[PDB]
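The chain below stands alone and is given in structure tokens; this is the form deposited without the DNA.
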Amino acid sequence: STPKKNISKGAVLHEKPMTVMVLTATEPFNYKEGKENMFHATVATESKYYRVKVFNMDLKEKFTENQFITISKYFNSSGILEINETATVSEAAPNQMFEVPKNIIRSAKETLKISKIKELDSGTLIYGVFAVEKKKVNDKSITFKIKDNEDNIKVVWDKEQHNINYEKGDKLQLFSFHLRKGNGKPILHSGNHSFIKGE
């Protein structure tokens, strides 16, 4: 009876309602064959921004820029908000609304330096806008080398390569990539919810 369907392993349920303002939301996309589409979103309170993964497509209309929504029975997976059918998502009441500080909006849309990304814990989910230095396509994987002014890192995508035709010099917007660290150079690797988009 599946109230944790599509939800990450050790995600914590939050029953208390939280009002947020929607900052950004991607289009729905297929992340896994046979599964309902999902989309990525970023959302903010007065004190913080959150990355959001929503697995219920009945909610896309709720996730529009500058809309205030009240969310309850959502899951928290190491700081990432995950929303399925269990959640209640309603239009916010006027007195639940608020001003979002400029610094919160800025840091929500900000891209970390690659050198700084490598300092995060292994398993940290990575988001951001990066320039492509080069790419290698083989049959089983696409391997990007992304760079900024100071550093570079390898990005591995081993899922469907239908719309991953980006080229040298293009900027990629990455969503929910896994930072992998261990015996060797850190890499970013695609995972279940990984998504790439231009612009």
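Numbering starts at 1 and runs along the sequence shown. Each form is matched to the other, and the largest set of C-alpha atoms that superpose within 1.5 Å is called the rigid core.
Here the subject shifts to the form deposited with the DNA bound, a form of this protein not shown in this document.
Colleague: Tell me, which of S122, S90, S115, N76 has a heavy atom within 4.5 angstroms of the DNA in the deposited complex?
Modeller: Partner contact (heavy atom, 4.5 Å) among the options: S122.
Colleague: Sort through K32, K48, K168, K60 and report the residue having a heavy atom within 4.5 Å of the DNA in the deposited complex.
Modeller: Exactly one listed residue reaches within 4.5 Å, namely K32.
Colleague: Does the DNA come within 4.5 Å of any heavy atom of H14 in the deposited complex?
Modeller: Because no heavy atom of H14 falls inside 4.5 Å of the DNA in the deposited complex, the answer is no.
Colleague: Might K4 be said to contact the DNA in the deposited complex, defining contact as any heavy atom within 4.5 Å?
Modeller: Contact with the DNA, yes.
Colleague: Whether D139 contacts the DNA in the deposited complex should be assessed with a 4.5 Å heavy atom distance threshold; does it?
Modeller: Taking the distances in the deposited complex, the answer for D139 is yes, it comes within 4.5 Å of the DNA.
Colleague: Though only this chain appears here, would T143 touch the DNA in the deposited complex if you measure heavy atom gaps against 4.5 Å?
Modeller: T143 belongs to the contact set for the DNA.
Colleague: Select, from the options 130-138, 60-68, 22-30, 39-47, the stretch whose residues sit within 4.5 angstroms of the DNA in the deposited complex by heavy atom distance.
Modeller: Looking at the other structure, the answer is 130-138.
Colleague: With the core superposed, a Cα shift of 2 Å or more between this form and the one not shown singles out one residue among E46, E27, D170, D151. Which one is it?
Modeller: Single hit from the list, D170.
Colleague: Comparing between this form and the one not shown on the rigid core: C-alpha of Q161 shifted by 2 Å or more?
Modeller: Passes the 2 Å threshold, so yes.
Colleague: Knowing the shift is 3 Å or more, I'd like to know if the C-alpha atoms of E27 and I164 are closer or farther apart in the deposited complex than in the shown chain.
Modeller: Closer: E27 and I164 approach by 3 Å or more in the deposited complex.
Colleague: Since the CA distance of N165 and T24 differs by 3 Å or more in the deposited complex, is it closer or farther than in the form displayed?
Modeller: Closer together, which means the C-alphas of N165 and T24 are at least 3 Å nearer in the deposited complex.
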